[PDB]
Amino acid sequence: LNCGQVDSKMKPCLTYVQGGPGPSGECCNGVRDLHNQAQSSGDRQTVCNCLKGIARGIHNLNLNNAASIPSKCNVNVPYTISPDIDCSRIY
């Protein structure tokens, strides 16, 4: 797992986090697949570091939409999807 992979998996969610409709089925499939690949603490931290960086560069990022992705896509992400998220504390 690396950031390029995270970007590919999450890209289908881009329009949704930018205020568009969704999450699309493709967005959720990517989320579910990424979730499945983030098996170790290290992978989960990687996902966090990668998305933390991605988020800052997304124009019109809708955090409410971003935060609704786990529930809507049926994946457990027991962490607040916030900009100030501390990735070193994800395990």
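Start at 1 with the first residue shown and count on from there.
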item: Mean C-alpha B-factor comparison - 61-69 and 23-31, higher one; value: 61-69
item: Comparing 51-59 with 38-46, the one whose average Cα B-factor in the PDB entry is higher; value: 51-59
item: Record-listed C-alpha B factor of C87: chain third; value: middle
item: Third assignment of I81 from its chain's C-alpha B-factors; value: highest
